[PDB]
Amino acid sequence: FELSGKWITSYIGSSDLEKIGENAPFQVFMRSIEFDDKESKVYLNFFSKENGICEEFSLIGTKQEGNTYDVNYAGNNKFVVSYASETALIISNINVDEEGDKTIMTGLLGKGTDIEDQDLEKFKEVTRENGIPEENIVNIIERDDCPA
Ligand SMILES: COc1nccnc1CC(C)C
């Protein structure tokens, strides 16, 4: 079961809508994730937009207790890969921004643009359990026009 490889964002849910709309820090268009267990690190490559233009990021996080990872980006983040199937990853992340506000978010990742409903239903359930309403879910594939 390998989690490392190409991963593209299809949907994101957030307890704070200010963090996921147009040009927001967490409207994240993932491209790949590499879990380096020997060195207890994780490598994340994704695009985001500022001023409506795509910008690329390559971050390095550190493995912590309970299969969680810490990474700095728009404040401090602690995330976990809550679910993994042969076709998807569901990530749960808690962000504390520079102003100190806390936000919980969820993201569904896949190998391309063709979503499997089985994975999507699990994403909606994880999102609900985290107290995030359905109306707070954004369709990221629909918004991802950044480079491959
Ligand atoms: C790829 O990023 C994400 N994917 C889903 C929800 N939130 C984020 C923010 C980080 C840094 C994990």
Side-chain angles (χ1 to χ4, degrees), residues 2-37 39-50 53-85 87-113 115-116 119-148:
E2 195 31 352
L3 284 35
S4 301
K6 167 176 180 175
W7 289 111
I8 306 297
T9 310
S10 58
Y11 295 84
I12 289 174
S14 180
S15 61
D16 191 337
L17 296 169
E18 183 274 334
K19 299 293 179 182
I20 57 169
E22 291 54 46
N23 296 132
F26 289 94
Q27 189 155 93
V28 168
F29 305 115
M30 195 68 41
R31 290 301 183 257
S32 70
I33 303 177
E34 301 293 322
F35 297 98
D36 188 354
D37 293 325
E39 304 296 298
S40 294
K41 292 176 189 304
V42 65
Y43 293 71
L44 309 160
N45 176 46
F46 58 89
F47 281 90
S48 160
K49 292 181 164 190
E50 277 195 281
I53 301 174
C54 301
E55 306 176 335
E56 188 164 20
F57 296 78
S58 278
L59 313 176
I60 300 171
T62 57
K63 195 163 188 174
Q64 305 292 331
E65 244 312 303
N67 279 345
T68 61
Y69 293 84
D70 289 12
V71 70
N72 289 335
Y73 173 76
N76 299 300
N77 304 277
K78 182 166 268 291
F79 69 94
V80 60
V81 179
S82 301
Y83 165 100
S85 74
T87 47
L89 295 187
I90 291 167
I91 293 191
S92 293
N93 180 236
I94 291 179
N95 169 260
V96 172
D97 71 10
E98 295 189 358
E99 282 296 281
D101 290 329
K102 181 177 297 187
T103 303
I104 173 73
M105 302 177 316
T106 56
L108 176 63
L109 313 186
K111 300 294 181 180
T113 58
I115 320 309
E116 283 281 358
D119 293 325
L120 212 220
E121 296 305 321
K122 287 281 167 276
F123 164 77
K124 288 178 293 187
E125 290 150 11
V126 172
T127 296
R128 184 190 79 79
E129 293 171 4
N130 276 133
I132 299 167
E134 185 280 327
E135 69 194 311
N136 284 206
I137 291 170
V138 296
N139 184 142
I140 300 286
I141 1 154
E142 282 186 339
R143 305 176 173 208
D144 184 0
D145 60 356
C146 290

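Residues take their numbers from the sequence shown, with the count starting at 1. All values below come from the heavy atoms of this structure, side chains included, with hydrogens, waters and symmetry mates left out. All ligand and atom numbering here is 1-based and tracks the order in the structure.
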Contact partition for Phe46 relative to ligand 1, non-hydrogen atoms under 4.0 Å = neither
Is the CD atom of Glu121 crowded by more than 12 outside heavy atoms at less than 6.0 Å?
-> yes
Report yes or no: do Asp119 and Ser85 form a side-chain donor-acceptor pair below 3.5 Å?
-> yes
Between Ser92 and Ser82, does any side-chain donor sit less than 3.5 Å from a side-chain acceptor?
-> yes
Nearest protein heavy atom to atom 4 (N) of ligand 1, by residue and atom, and its distance?
-> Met30 CE, 4.6 Å
Protein heavy atom under 4.0 angstrom of atom 2 (O) of ligand 1, is there one?
-> yes
Could you check atom 11 (C) of ligand 1 against the protein and tell me its nearest heavy-atom contact, residue, atom and distance included?
-> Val71 CG1, 4.0 Å
Contact between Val28 and ligand 1, counting heavy atoms under 4.0 Å?
-> yes
Please report the C-alpha distance between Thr62 and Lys41 in whole Å, then the side-chain angles of each, then the deciding distance to 0.1 Å, and finally whether the side-chain hydrogen bond (donor to acceptor under 3.5 Å, both in side chains) criterion is met.
-> CA-CA 5 Å; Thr62 57; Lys41 292 176 189 304; over 6 Å; no
Residue pair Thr127 / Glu129, side-chain donor-acceptor N/O under 3.5 Å = no
among protein heavy atoms, the one nearest atom 12 (C) of ligand 1 is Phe79 CD2, 3.9 Å
Do you know the tightest heavy-atom contact between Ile115 and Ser10?
-> CD1-CB, 3.3 Å
Considering only the protein, which heavy-atom contact is closest to atom 7 (N) of ligand 1, and what is its distance?
-> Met105 CE, 3.3 Å
Among all protein non-hydrogen atoms, which one is nearest to atom 5 (C) of ligand 1, and what is the separation to 0.1 Å?
-> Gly107 CA, 3.7 Å
